[PDB]
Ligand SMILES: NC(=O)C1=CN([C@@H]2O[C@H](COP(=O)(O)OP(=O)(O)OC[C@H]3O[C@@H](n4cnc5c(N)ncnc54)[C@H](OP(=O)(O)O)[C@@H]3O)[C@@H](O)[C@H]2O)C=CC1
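Only one chain is included here, represented as structure tokens and corresponding to the form deposited without the named molecule.
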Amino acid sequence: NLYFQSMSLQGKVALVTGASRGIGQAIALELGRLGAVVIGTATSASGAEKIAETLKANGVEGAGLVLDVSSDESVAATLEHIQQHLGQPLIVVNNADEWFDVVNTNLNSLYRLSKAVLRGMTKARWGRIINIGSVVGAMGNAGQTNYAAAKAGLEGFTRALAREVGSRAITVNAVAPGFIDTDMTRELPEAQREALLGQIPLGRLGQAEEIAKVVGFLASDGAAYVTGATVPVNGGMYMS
């Protein structure tokens, strides 16, 4: 029995918002790889369709749905639709001067969705909520301001919610990417990329998959005592 525990997710339903591209897509595939039934979502019908195509292409059971996390109606309706056709999602991954509005809107959406999925986790007496922070999204001071503020909001939010729902054996954690190989870093020249790399002790951009593996671990039974945590996944580049 030493070599035999689940670190797998057979029998679980997972909702991953923002799953059509990059980090979200990678998360969807990693959870599927681990045996979950995955519902990935996008804000558009073509994005939802791409998700279903990808899942099937990689042999993952589940679906692609349209979801707008800013809308109570969209949230309520989508969950009803998942409950009827697939079951309650017990693993939920929120991937979906301006800094204030962005961060405030983001955190209101986490709260809206998190609240909505908690009834079913409460009823199962088990759950995993995992919040994905935003990747370093611009090179100057505005980028650092926005990135740091978003991270701080996410850390405080995640910690509070973890406290609120702990007695129900629901964990609530966050993953805080640094510079990841996605479309903002892809659009810098070789010289600027290598200069950014000089701030990163590992000397390379992170892969989407490297975010997904952490999320996969946080979703497992082995991470059951981890809650209210924000795991930084940034190759050693710390910016706050």
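Whichever C-alpha set is largest while still superposing within 1.5 Å between the two forms counts as the rigid core. We number the residues from 1 along the sequence you see.
Below, we refer to the form solved in complex with the named molecule, which is not included among the displayed structures.
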| property | result |
| --- | --- |
| Open or blocked: site for the named molecule, pose in the deposited complex superimposed, 2.4 Å backbone/C-beta cut-off, 3-atom minimum | blocked |
| Heavy atom contact within 4.5 Å of the named molecule in the deposited complex, the stretch among 166-174, 129-137, 84-92, 116-124 | 129-137 |
| Selected contact from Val37, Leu34, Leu55, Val69, since only one has a non-hydrogen atom within 4.5 angstroms of the named molecule in the deposited complex | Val69 |
| Proximity of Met184 to the named molecule in the deposited complex, heavy atoms at 4.5 Å | yes |
| Close approach of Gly22 to the named molecule in the deposited complex, 4.5 Å, heavy atom | yes |
| Partner proximity in the deposited complex: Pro232 to the named molecule, non-hydrogen atom cutoff 4.5 Å | no |
| Contact of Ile180 with the named molecule in the deposited complex (heavy atom, 4.5 Å) | yes |
| The named molecule in the deposited complex - contacting residues of 81-108, heavy atom within 4.5 Å | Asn95, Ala96, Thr105 |
| Of the candidates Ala160, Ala124, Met139, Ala169, the only Cα that travels 2 Å or more between this form and the one not shown, given a rigid-core fit | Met139 |
| Residue shift check between this form and the one not shown, rigid core fit, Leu110 Cα at least 2 Å | no |
| Core-aligned C-alpha movement of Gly203 between this form and the one not shown, 2 Å or more | no |
| CA of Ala57, rigid core aligned, shift of 2 Å or more between this form and the one not shown | no |
| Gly40 and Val135, C-alpha gap in the deposited complex relative to this structure (3 Å or more) | farther |
| Inter-Cα distance between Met184 and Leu113 in the deposited complex, nearer or further [3 Å or more] | closer |
